[PDB]
$ cat work-v7.tsv   # TSV, N, CA and C atoms
chain	number	residue	atom	x	y	z
A	1	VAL	N	-25.31	49.50	84.13
A	1	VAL	CA	-25.29	50.24	82.87
A	1	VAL	C	-23.96	50.99	82.73
A	2	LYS	N	-23.22	50.73	81.62
A	2	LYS	CA	-21.91	51.33	81.35
A	2	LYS	C	-21.96	52.45	80.32
A	3	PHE	N	-22.99	52.45	79.46
A	3	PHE	CA	-23.13	53.44	78.39
A	3	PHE	C	-24.49	54.16	78.43
A	4	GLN	N	-24.51	55.40	77.90
A	4	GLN	CA	-25.69	56.27	77.79
A	4	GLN	C	-25.96	56.58	76.31
A	5	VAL	N	-27.17	57.09	75.99
A	5	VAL	CA	-27.56	57.51	74.63
A	5	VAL	C	-26.58	58.61	74.19
A	6	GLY	N	-25.92	58.42	73.05
A	6	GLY	CA	-24.96	59.37	72.51
A	6	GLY	C	-23.51	58.99	72.68
A	7	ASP	N	-23.22	57.97	73.52
A	7	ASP	CA	-21.87	57.45	73.76
A	7	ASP	C	-21.34	56.70	72.52
A	8	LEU	N	-20.04	56.90	72.18
A	8	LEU	CA	-19.39	56.27	71.04
A	8	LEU	C	-18.87	54.89	71.43
A	9	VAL	N	-19.24	53.86	70.66
A	9	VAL	CA	-18.83	52.49	70.96
A	9	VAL	C	-18.35	51.72	69.74
A	10	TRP	N	-17.63	50.63	69.98
A	10	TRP	CA	-17.22	49.66	68.97
A	10	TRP	C	-18.25	48.53	69.16
A	11	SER	N	-18.76	47.96	68.06
A	11	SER	CA	-19.72	46.85	68.16
A	11	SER	C	-19.41	45.75	67.18
A	12	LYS	N	-19.46	44.48	67.65
A	12	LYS	CA	-19.24	43.29	66.83
A	12	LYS	C	-20.61	42.63	66.62
A	13	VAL	N	-21.15	42.72	65.40
A	13	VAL	CA	-22.46	42.18	65.02
A	13	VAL	C	-22.28	41.21	63.84
A	14	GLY	N	-22.73	39.98	64.02
A	14	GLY	CA	-22.62	38.93	63.01
A	14	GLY	C	-21.20	38.70	62.54
A	15	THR	N	-20.97	38.85	61.21
A	15	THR	CA	-19.65	38.67	60.59
A	15	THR	C	-19.01	40.01	60.17
A	16	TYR	N	-19.65	41.13	60.54
A	16	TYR	CA	-19.11	42.46	60.29
A	16	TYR	C	-17.89	42.62	61.19
A	17	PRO	N	-16.83	43.35	60.78
A	17	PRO	CA	-15.71	43.59	61.71
A	17	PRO	C	-16.16	44.57	62.81
A	18	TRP	N	-15.30	44.84	63.82
A	18	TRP	CA	-15.64	45.79	64.89
A	18	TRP	C	-15.97	47.14	64.22
A	19	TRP	N	-17.24	47.56	64.36
A	19	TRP	CA	-17.79	48.74	63.69
A	19	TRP	C	-18.02	49.94	64.62
A	20	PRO	N	-17.65	51.18	64.19
A	20	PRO	CA	-17.95	52.36	65.02
A	20	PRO	C	-19.47	52.62	65.08
A	21	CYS	N	-19.99	52.77	66.31
A	21	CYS	CA	-21.41	52.98	66.59
A	21	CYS	C	-21.63	54.09	67.59
A	22	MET	N	-22.89	54.52	67.70
A	22	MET	CA	-23.37	55.48	68.69
A	22	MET	C	-24.51	54.79	69.40
A	23	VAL	N	-24.50	54.83	70.73
A	23	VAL	CA	-25.55	54.22	71.56
A	23	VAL	C	-26.80	55.08	71.40
A	24	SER	N	-27.94	54.45	71.10
A	24	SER	CA	-29.21	55.15	70.88
A	24	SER	C	-30.38	54.39	71.50
A	25	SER	N	-31.55	55.02	71.54
A	25	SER	CA	-32.78	54.43	72.06
A	25	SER	C	-33.56	53.78	70.92
A	26	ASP	N	-34.08	52.57	71.15
A	26	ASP	CA	-34.87	51.81	70.18
A	26	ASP	C	-36.14	52.61	69.87
A	27	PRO	N	-36.48	52.84	68.57
A	27	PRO	CA	-37.68	53.64	68.26
A	27	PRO	C	-39.00	53.04	68.74
A	28	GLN	N	-39.10	51.69	68.78
A	28	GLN	CA	-40.29	50.95	69.19
A	28	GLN	C	-40.36	50.70	70.71
A	29	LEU	N	-39.27	50.17	71.31
A	29	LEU	CA	-39.17	49.83	72.73
A	29	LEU	C	-38.98	51.01	73.67
A	30	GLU	N	-38.43	52.13	73.15
A	30	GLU	CA	-38.12	53.38	73.87
A	30	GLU	C	-37.05	53.20	74.96
A	31	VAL	N	-36.17	52.20	74.81
A	31	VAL	CA	-35.06	51.95	75.74
A	31	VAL	C	-33.77	51.77	74.96
A	32	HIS	N	-32.64	52.18	75.56
A	32	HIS	CA	-31.32	52.04	74.94
A	32	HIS	C	-30.59	50.84	75.55
A	33	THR	N	-31.13	50.32	76.67
A	33	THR	CA	-30.56	49.20	77.42
A	33	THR	C	-31.66	48.31	78.01
A	34	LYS	N	-31.37	47.01	78.12
A	34	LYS	CA	-32.28	46.03	78.68
A	34	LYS	C	-31.51	44.81	79.23
A	35	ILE	N	-32.22	43.95	79.98
A	35	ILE	CA	-31.68	42.71	80.54
A	35	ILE	C	-32.35	41.54	79.81
A	36	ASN	N	-31.52	40.63	79.28
A	36	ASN	CA	-31.92	39.39	78.60
A	36	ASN	C	-32.74	38.45	79.50
A	37	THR	N	-33.21	37.33	78.91
A	37	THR	CA	-33.89	36.27	79.67
A	37	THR	C	-32.87	35.51	80.55
A	38	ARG	N	-31.58	35.53	80.15
A	38	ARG	CA	-30.46	34.90	80.86
A	38	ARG	C	-29.86	35.81	81.95
A	39	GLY	N	-30.25	37.09	81.95
A	39	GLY	CA	-29.78	38.07	82.93
A	39	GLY	C	-28.62	38.94	82.49
A	40	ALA	N	-28.27	38.91	81.19
A	40	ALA	CA	-27.17	39.70	80.65
A	40	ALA	C	-27.65	41.06	80.12
A	41	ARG	N	-26.79	42.09	80.19
A	41	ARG	CA	-27.13	43.43	79.69
A	41	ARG	C	-26.90	43.56	78.18
A	42	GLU	N	-27.83	44.24	77.51
A	42	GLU	CA	-27.76	44.51	76.08
A	42	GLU	C	-27.90	46.00	75.85
A	43	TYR	N	-27.35	46.50	74.75
A	43	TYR	CA	-27.43	47.91	74.39
A	43	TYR	C	-27.93	48.02	72.99
A	44	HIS	N	-28.61	49.13	72.68
A	44	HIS	CA	-29.08	49.41	71.33
A	44	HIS	C	-28.10	50.41	70.72
A	45	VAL	N	-27.59	50.10	69.52
A	45	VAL	CA	-26.66	50.99	68.82
A	45	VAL	C	-27.09	51.30	67.41
A	46	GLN	N	-26.57	52.40	66.90
A	46	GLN	CA	-26.77	52.76	65.52
A	46	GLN	C	-25.40	52.87	64.88
A	47	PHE	N	-25.20	52.12	63.80
A	47	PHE	CA	-23.94	52.06	63.07
A	47	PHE	C	-23.63	53.35	62.31
A	48	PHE	N	-22.35	53.77	62.32
A	48	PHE	CA	-21.87	54.91	61.55
A	48	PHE	C	-21.59	54.40	60.13
A	49	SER	N	-22.34	54.92	59.16
A	49	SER	CA	-22.27	54.51	57.76
A	49	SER	C	-23.02	55.53	56.92
A	50	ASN	N	-23.10	55.31	55.60
A	50	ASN	CA	-23.92	56.15	54.72
A	50	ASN	C	-25.37	55.68	54.83
A	51	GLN	N	-25.59	54.35	54.91
A	51	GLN	CA	-26.93	53.76	55.02
A	51	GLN	C	-27.27	53.41	56.47
A	52	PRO	N	-28.45	53.83	56.98
A	52	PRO	CA	-28.76	53.57	58.40
A	52	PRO	C	-28.92	52.10	58.77
A	53	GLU	N	-28.29	51.72	59.89
A	53	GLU	CA	-28.32	50.36	60.44
A	53	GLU	C	-28.28	50.41	61.94
A	54	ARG	N	-29.08	49.55	62.57
A	54	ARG	CA	-29.21	49.47	64.02
A	54	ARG	C	-29.28	48.01	64.50
A	55	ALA	N	-28.88	47.76	65.76
A	55	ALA	CA	-28.90	46.42	66.35
A	55	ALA	C	-28.83	46.46	67.88
A	56	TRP	N	-29.43	45.44	68.53
A	56	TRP	CA	-29.37	45.20	69.97
A	56	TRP	C	-28.17	44.26	70.16
A	57	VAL	N	-27.11	44.78	70.79
A	57	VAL	CA	-25.82	44.09	70.97
A	57	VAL	C	-25.57	43.73	72.45
A	58	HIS	N	-25.07	42.50	72.70
A	58	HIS	CA	-24.71	41.99	74.03
A	58	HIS	C	-23.53	42.79	74.58
A	59	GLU	N	-23.52	43.01	75.92
A	59	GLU	CA	-22.49	43.77	76.67
A	59	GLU	C	-21.04	43.37	76.34
A	60	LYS	N	-20.78	42.05	76.16
A	60	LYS	CA	-19.47	41.49	75.82
A	60	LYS	C	-18.97	41.89	74.43
A	61	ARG	N	-19.90	42.32	73.55
A	61	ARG	CA	-19.62	42.74	72.18
A	61	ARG	C	-19.75	44.26	71.96
A	62	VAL	N	-19.79	45.03	73.07
A	62	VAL	CA	-19.85	46.50	73.08
A	62	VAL	C	-18.63	47.02	73.86
A	63	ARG	N	-17.80	47.86	73.22
A	63	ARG	CA	-16.58	48.44	73.82
A	63	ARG	C	-16.58	49.95	73.65
A	64	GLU	N	-15.89	50.68	74.53
A	64	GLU	CA	-15.79	52.14	74.45
A	64	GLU	C	-14.92	52.53	73.25
A	65	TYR	N	-15.39	53.52	72.45
A	65	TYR	CA	-14.67	54.04	71.28
A	65	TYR	C	-13.78	55.19	71.72
A	66	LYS	N	-12.46	54.95	71.73
A	66	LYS	CA	-11.45	55.94	72.13
A	66	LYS	C	-10.75	56.56	70.91
A	67	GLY	N	-10.73	55.82	69.80
A	67	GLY	CA	-10.12	56.22	68.54
A	67	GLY	C	-10.02	55.08	67.56
A	68	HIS	N	-9.82	55.40	66.26
A	68	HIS	CA	-9.72	54.41	65.17
A	68	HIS	C	-8.55	53.43	65.35
A	69	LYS	N	-7.43	53.90	65.92
A	69	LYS	CA	-6.19	53.14	66.12
A	69	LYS	C	-6.35	51.91	67.03
A	70	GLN	N	-7.37	51.89	67.91
A	70	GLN	CA	-7.58	50.76	68.81
A	70	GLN	C	-8.30	49.57	68.11
A	71	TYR	N	-8.56	49.67	66.78
A	71	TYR	CA	-9.17	48.60	65.99
A	71	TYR	C	-8.22	47.39	65.93
A	72	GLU	N	-6.89	47.66	65.85
A	72	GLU	CA	-5.84	46.66	65.82
A	72	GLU	C	-5.75	45.90	67.15
A	73	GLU	N	-6.10	46.57	68.27
A	73	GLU	CA	-6.13	45.99	69.62
A	73	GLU	C	-7.29	44.99	69.74
A	74	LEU	N	-8.42	45.28	69.05
A	74	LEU	CA	-9.63	44.46	69.03
A	74	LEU	C	-9.45	43.24	68.11
A	75	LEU	N	-8.79	43.45	66.95
A	75	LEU	CA	-8.48	42.41	65.97
A	75	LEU	C	-7.47	41.41	66.56
A	76	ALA	N	-6.56	41.89	67.43
A	76	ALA	CA	-5.55	41.09	68.13
A	76	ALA	C	-6.21	40.10	69.11
A	77	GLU	N	-7.32	40.52	69.74
A	77	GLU	CA	-8.11	39.72	70.68
A	77	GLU	C	-8.76	38.53	69.95
A	78	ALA	N	-9.35	38.78	68.76
A	78	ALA	CA	-9.99	37.75	67.94
A	78	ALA	C	-8.99	37.12	66.97
A	79	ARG	N	-12.76	41.32	53.40
A	79	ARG	CA	-14.08	41.95	53.48
A	79	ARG	C	-14.52	42.56	52.14
A	80	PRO	N	-15.85	42.54	51.81
A	80	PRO	CA	-16.29	43.12	50.52
A	80	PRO	C	-15.98	44.61	50.36
A	81	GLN	N	-15.67	45.04	49.11
A	81	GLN	CA	-15.34	46.42	48.75
A	81	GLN	C	-16.41	47.41	49.19
A	82	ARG	N	-17.70	47.10	48.96
A	82	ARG	CA	-18.83	47.96	49.35
A	82	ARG	C	-18.86	48.18	50.86
A	83	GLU	N	-18.63	47.10	51.63
A	83	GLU	CA	-18.61	47.10	53.10
A	83	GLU	C	-17.40	47.85	53.67
A	84	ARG	N	-16.21	47.66	53.07
A	84	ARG	CA	-14.96	48.33	53.46
A	84	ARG	C	-15.10	49.84	53.34
A	85	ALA	N	-15.68	50.30	52.22
A	85	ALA	CA	-15.94	51.71	51.92
A	85	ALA	C	-16.84	52.32	52.99
A	86	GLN	N	-17.91	51.59	53.40
A	86	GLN	CA	-18.87	52.00	54.42
A	86	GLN	C	-18.23	52.09	55.81
A	87	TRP	N	-17.25	51.21	56.09
A	87	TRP	CA	-16.48	51.19	57.34
A	87	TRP	C	-15.58	52.43	57.43
A	88	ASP	N	-14.92	52.81	56.31
A	88	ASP	CA	-14.06	54.00	56.21
A	88	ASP	C	-14.85	55.28	56.44
A	89	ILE	N	-16.09	55.35	55.89
A	89	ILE	CA	-17.02	56.48	56.06
A	89	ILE	C	-17.42	56.55	57.56
A	90	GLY	N	-17.73	55.39	58.15
A	90	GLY	CA	-18.11	55.24	59.55
A	90	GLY	C	-17.04	55.68	60.52
A	91	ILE	N	-15.77	55.36	60.20
A	91	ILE	CA	-14.60	55.75	60.99
A	91	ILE	C	-14.44	57.27	60.97
A	92	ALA	N	-14.60	57.89	59.78
A	92	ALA	CA	-14.53	59.35	59.59
A	92	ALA	C	-15.62	60.07	60.41
A	93	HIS	N	-16.84	59.49	60.47
A	93	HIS	CA	-17.96	60.05	61.23
A	93	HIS	C	-17.73	59.93	62.73
A	94	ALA	N	-17.15	58.80	63.18
A	94	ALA	CA	-16.84	58.54	64.59
A	94	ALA	C	-15.72	59.44	65.10
A	95	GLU	N	-14.74	59.77	64.23
A	95	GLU	CA	-13.60	60.63	64.56
A	95	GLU	C	-14.02	62.09	64.73
A	96	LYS	N	-15.03	62.54	63.96
A	96	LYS	CA	-15.61	63.88	64.05
A	96	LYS	C	-16.45	63.98	65.33
A	97	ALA	N	-17.22	62.92	65.66
A	97	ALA	CA	-18.08	62.82	66.85
A	97	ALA	C	-17.28	62.78	68.16
A	98	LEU	N	-16.00	62.32	68.11
A	98	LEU	CA	-15.10	62.29	69.27
A	98	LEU	C	-14.75	63.72	69.72
A	99	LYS	N	-14.79	64.67	68.77
A	99	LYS	CA	-14.51	66.10	68.97
A	99	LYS	C	-15.75	66.87	69.49
A	100	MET	N	-16.88	66.16	69.69
A	100	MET	CA	-18.17	66.67	70.16
A	100	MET	C	-18.49	66.09	71.53
A	101	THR	N	-19.45	66.70	72.25
A	101	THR	CA	-19.94	66.18	73.52
A	101	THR	C	-21.06	65.19	73.20
A	102	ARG	N	-21.49	64.37	74.18
A	102	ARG	CA	-22.58	63.41	74.02
A	102	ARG	C	-23.85	64.09	73.50
A	103	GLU	N	-24.18	65.25	74.04
A	103	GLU	CA	-25.35	66.03	73.67
A	103	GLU	C	-25.36	66.50	72.21
A	104	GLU	N	-24.18	66.89	71.69
A	104	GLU	CA	-23.97	67.35	70.32
A	104	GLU	C	-24.09	66.20	69.33
A	105	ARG	N	-23.54	65.02	69.71
A	105	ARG	CA	-23.58	63.78	68.94
A	105	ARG	C	-25.02	63.34	68.67
A	106	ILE	N	-25.92	63.48	69.67
A	106	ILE	CA	-27.35	63.13	69.58
A	106	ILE	C	-28.05	64.00	68.51
A	107	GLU	N	-27.91	65.34	68.61
A	107	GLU	CA	-28.50	66.31	67.67
A	107	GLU	C	-27.99	66.16	66.22
A	108	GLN	N	-26.73	65.73	66.04
A	108	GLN	CA	-26.09	65.57	64.73
A	108	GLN	C	-26.27	64.21	64.07
A	109	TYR	N	-26.23	63.09	64.85
A	109	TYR	CA	-26.22	61.75	64.25
A	109	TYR	C	-27.45	60.84	64.50
A	110	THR	N	-28.36	61.16	65.44
A	110	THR	CA	-29.54	60.32	65.72
A	110	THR	C	-30.42	60.15	64.49
A	111	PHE	N	-30.72	58.88	64.13
A	111	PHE	CA	-31.54	58.51	62.97
A	111	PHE	C	-32.95	59.06	63.05
A	112	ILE	N	-33.46	59.47	61.89
A	112	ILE	CA	-34.81	59.99	61.69
A	112	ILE	C	-35.69	58.76	61.39
A	113	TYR	N	-36.75	58.58	62.19
A	113	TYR	CA	-37.67	57.46	62.06
A	113	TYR	C	-39.02	57.84	61.49
A	114	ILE	N	-39.42	57.10	60.44
A	114	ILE	CA	-40.69	57.24	59.74
A	114	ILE	C	-41.45	55.93	59.99
A	115	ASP	N	-42.72	56.04	60.45
A	115	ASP	CA	-43.62	54.92	60.78
A	115	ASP	C	-43.90	53.95	59.60
A	116	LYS	N	-43.73	54.44	58.34
A	116	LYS	CA	-43.91	53.68	57.09
A	116	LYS	C	-43.15	52.35	57.08

$ encode --input "work-v7.tsv" --output "structure tokens"
Amino acid sequence: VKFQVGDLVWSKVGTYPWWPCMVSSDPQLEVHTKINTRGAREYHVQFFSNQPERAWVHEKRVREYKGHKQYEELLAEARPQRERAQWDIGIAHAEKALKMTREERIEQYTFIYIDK
């Protein structure tokens, strides 16, 4: 295990670009990390955006978030207006969270879950 609940990460999910995320615990499974049927590690993340989004991401697609500027380093290794706007909001939220401790990030950004 490389990450804990509240840690800031970059995540590549589907066709979305590398997105700023916070590692969190799955509301149903009650785990933030698990081992696949193939034996690979996965993490549960929550995307930084205006609208809440979450996903179980493979270890190879989860990177440590050090700052917005390292996005060019990730793009070097390897969009709609509505999505671009949400990414800019997400980057602003991740930059504020970098100035906080893991414990503070949990109290401020963890999604509110309703059984409905």

$ closest_residue --input "work-v7.tsv" --among "A:26, A:48, A:77, A:67" --to "residue 98 in chain A" --atoms "all atoms listed in the file"
A:67

$ closest_atom_pairs --input "work-v7.tsv" --of "range 33-62 of chain A" --to "range 16-25 of chain A" --cutoff "8 Å" --atoms "only N, CA and C atoms" --output "tab-separated table"
residue	atom	partner	partner_atom	distance
A:33	N	A:25	CA	6.4
A:43	C	A:24	N	6.7
A:44	C	A:24	N	4.1
A:45	CA	A:24	N	4.3
A:46	N	A:22	C	4.0
A:47	CA	A:21	CA	4.4
A:48	N	A:20	C	4.2
A:49	N	A:20	C	7.0

$ residues_around --input "work-v7.tsv" --residues "range 99-109 of chain A" --least-positions-apart "3" --cutoff "6 Å" --atoms "only N, CA and C atoms" --output "VMD selection string"
chain A and resid 6 to 7 95 to 96

$ select_by_dssp --input "work-v7.tsv" --residues "chain A" --states "helix (DSSP H, G or I)" --output "PyMOL selection string"
chain A and resi 59-61+68-77+81-97+102-109

$ residues_around --input "work-v7.tsv" --residues "residue 41 in chain A" --least-positions-apart "2" --cutoff "7 Å" --atoms "only N, CA and C atoms" --output "PDB file with N, CA and C atoms, in the frame of the given file"
ATOM      1  N   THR A  33     -31.130  50.320  76.670  1.00  0.00           N
ATOM      2  CA  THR A  33     -30.560  49.200  77.420  1.00  0.00           C
ATOM      3  C   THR A  33     -31.660  48.310  78.010  1.00  0.00           C
ATOM      4  N   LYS A  34     -31.370  47.010  78.120  1.00  0.00           N
ATOM      5  CA  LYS A  34     -32.280  46.030  78.680  1.00  0.00           C
ATOM      6  C   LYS A  34     -31.510  44.810  79.230  1.00  0.00           C
ATOM      7  N   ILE A  35     -32.220  43.950  79.980  1.00  0.00           N
ATOM      8  CA  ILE A  35     -31.680  42.710  80.540  1.00  0.00           C
ATOM      9  C   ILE A  35     -32.350  41.540  79.810  1.00  0.00           C
ATOM     10  N   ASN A  36     -31.520  40.630  79.280  1.00  0.00           N
ATOM     11  CA  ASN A  36     -31.920  39.390  78.600  1.00  0.00           C
ATOM     12  C   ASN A  36     -32.740  38.450  79.500  1.00  0.00           C
ATOM     13  N   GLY A  39     -30.250  37.090  81.950  1.00  0.00           N
ATOM     14  CA  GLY A  39     -29.780  38.070  82.930  1.00  0.00           C
ATOM     15  C   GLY A  39     -28.620  38.940  82.490  1.00  0.00           C
ATOM     16  N   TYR A  43     -27.350  46.500  74.750  1.00  0.00           N
ATOM     17  CA  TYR A  43     -27.430  47.910  74.390  1.00  0.00           C
ATOM     18  C   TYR A  43     -27.930  48.020  72.990  1.00  0.00           C
ATOM     19  N   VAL A  57     -27.110  44.780  70.790  1.00  0.00           N
ATOM     20  CA  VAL A  57     -25.820  44.090  70.970  1.00  0.00           C
ATOM     21  C   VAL A  57     -25.570  43.730  72.450  1.00  0.00           C
ATOM     22  N   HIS A  58     -25.070  42.500  72.700  1.00  0.00           N
ATOM     23  CA  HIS A  58     -24.710  41.990  74.030  1.00  0.00           C
ATOM     24  C   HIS A  58     -23.530  42.790  74.580  1.00  0.00           C
ATOM     25  N   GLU A  59     -23.520  43.010  75.920  1.00  0.00           N
ATOM     26  CA  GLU A  59     -22.490  43.770  76.670  1.00  0.00           C
ATOM     27  C   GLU A  59     -21.040  43.370  76.340  1.00  0.00           C
ATOM     28  N   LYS A  60     -20.780  42.050  76.160  1.00  0.00           N
ATOM     29  CA  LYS A  60     -19.470  41.490  75.820  1.00  0.00           C
ATOM     30  C   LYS A  60     -18.970  41.890  74.430  1.00  0.00           C
TER      31      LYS A  60
END

$ closest_residue --input "work-v7.tsv" --among "A:15, A:50, A:3, A:56" --to "residue 82 in chain A" --atoms "only C-alpha atoms"
A:50

$ atom_distance --input "work-v7.tsv" --atom1 "atom N of residue 65 in chain A" --atom2 "CA of residue 52 in chain A"
19.4 Å

$ closest_residue --input "work-v7.tsv" --among "A:12, A:93, A:38, A:79" --to "residue 62 in chain A" --atoms "only C-alpha atoms"
A:12

$ select_by_dssp --input "work-v7.tsv" --residues "chain A" --states "strand (DSSP E or B)" --output "list in words"
residues 8, 9, 10, 11, 19, 20, 21, 22, 23, 33, 34, 35, 41, 42, 43, 44, 45, 46, 47, 54, 55, 56, 57, 58, 62, 63 and 64 of chain A

$ atom_distance --input "work-v7.tsv" --atom1 "CA of residue 66 in chain A" --atom2 "CA of residue 89 in chain A"
17.0 Å

$ closest_residue --input "work-v7.tsv" --among "A:72, A:97, A:80, A:27" --to "residue 113 in chain A" --atoms "only C-alpha atoms"
A:27

$ axis_aligned_box --input "work-v7.tsv" --around "range 58-69 of chain A" --padding-each-side "4 Å" --output "JSON"
{"center_x": -15.6, "center_y": 49.0, "center_z": 70.9, "size_x": 26.9, "size_y": 23.1, "size_z": 19.5}

$ atom_distance --input "work-v7.tsv" --atom1 "atom C of residue 74 in chain A" --atom2 "atom N of residue 11 in chain A"
10.4 Å

$ closest_residue --input "work-v7.tsv" --among "A:5, A:88, A:28, A:61" --to "residue 115 in chain A" --atoms "only C-alpha atoms"
A:28
